[PDB]
Every structure is written in structure tokens, then in C-alpha cells.
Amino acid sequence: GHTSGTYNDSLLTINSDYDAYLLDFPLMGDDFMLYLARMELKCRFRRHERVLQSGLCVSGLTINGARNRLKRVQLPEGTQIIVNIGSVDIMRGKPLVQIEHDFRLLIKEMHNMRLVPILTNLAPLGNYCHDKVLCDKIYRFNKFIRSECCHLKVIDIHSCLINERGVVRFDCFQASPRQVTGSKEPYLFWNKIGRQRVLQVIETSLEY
């Protein structure tokens, strides 16, 4: 097409000095992991992009967005990437079947690129706690991650943010939702306690 291959060349290269990384693993995800990395992992935002991002963490990144983003990145074979992806698809109201279809293709594409996914499942969306349909989607998609990625490392971060009765721990979330750059839906971010719980679940799952 007329505009094919006209993107910022700087997007092809990521670097742990400035981009979102956790223990030498690149992080791929949306605003949730972007914010985790900004607050806990000293990441910097890319200065030339309108939409906030740091490495493979991009505001508004859907599963398809991630599929595209990896085509615009170049990393050594065998690179392991920690992935948290799907919240944006769910917030935008993409059909679950489509979400699962896209995720299966993301996994296959990473395999074809010789990039190894380390999966995290989805945290509860705290401001959507009254939307039973959305919460059911999170429940089913998380089960899908676990079954589809049966040969890969799958980290359950969802559990650390819900209580004994399966309802969201609001003491792990901020008080009010926020506008983000890559999506029109409001986000309720993990607070200091919430961020540390998620970070510790991920690290302790990868220690040995």
C-alpha cells in the first residue's frame, strides 16, 4: 500500500535502560503493566509517540495490537517476554470468541518468531465489578489462557486481587478512575499495595 512500512524505526528496538522490563524480561501489555513499570520498574515513556508507551507496554494495546507490535520489533531468538494482554479487548467489548481466536494467533506468531511468551492472566477490572458480563468474560478468558498455554508458564495474578469470596479487593485499587491515551474506557489502576502484590506474584513464580 501507499503507506506501507512507514512507522517510527525507533519502535523496532527496545532497551532495558528506558523500556519496560521486569528482571531482564521485556514486558508486553497495556496501561496496567505500563503503570506497574512506571511506578515500580523505573521505565520511561517514548517521547515521540502520542499514545503513552514504554517498550512493548502500550496504552490501548489489544491482542491484535500486540500481534502487530511484535512485527515492528526485533529481538534475539529465544527471548522470553512477560505478557499481560486482553484487558483492552474486553473493555472494548470484543466478542470472547474473537478474543480467544486472536490470542491463539498471538501465541502461534510468537512461536514463529521464536519469542517465548510467559503469560500472566488478567487482573479483575476494579471499576467494572458490577458488570457481570464483563466479569464472566475475564473468568472465561483467564481459563482459556490456562488451557491454551498448557505448555507455557502461566502466572495467575487475578487471585491476589480478589478476596475469600471472589470479589475485588478495593484496598488494592486507587479511589477514582483515570483517562488513558489509547482508549476511551476509564481505568481503575492498582494502588501501591496492589502493584506490589502483582509484582511479587510474578517474581515469585519465576524465581527458580
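Heads up: residue numbers just count along the shown sequence, starting at 1.
For the pair 115-123 and 97-105, the mean B factor over Cα atoms is greater in 97-105. The PDB entry reports B-factors from which the mean C-alpha value can be compared for 164-172 and 138-146; the larger average falls on 164-172.
When the CA B factors of the chain's modelled residues are split into thirds, the value for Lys42 lands in the highest one.
In this PDB entry, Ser183 carries a Cα temperature factor that places it within the middle third of its chain's modelled residues. Annotation for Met91: C-alpha temperature factor in the highest third relative to the rest of the modelled chain, per the entry. When the CA B factors of the chain's modelled residues are split into thirds, the value for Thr204 lands in the middle one.
Annotation for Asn64: CA B-factor lies in the middle third of the chain's modelled residues.
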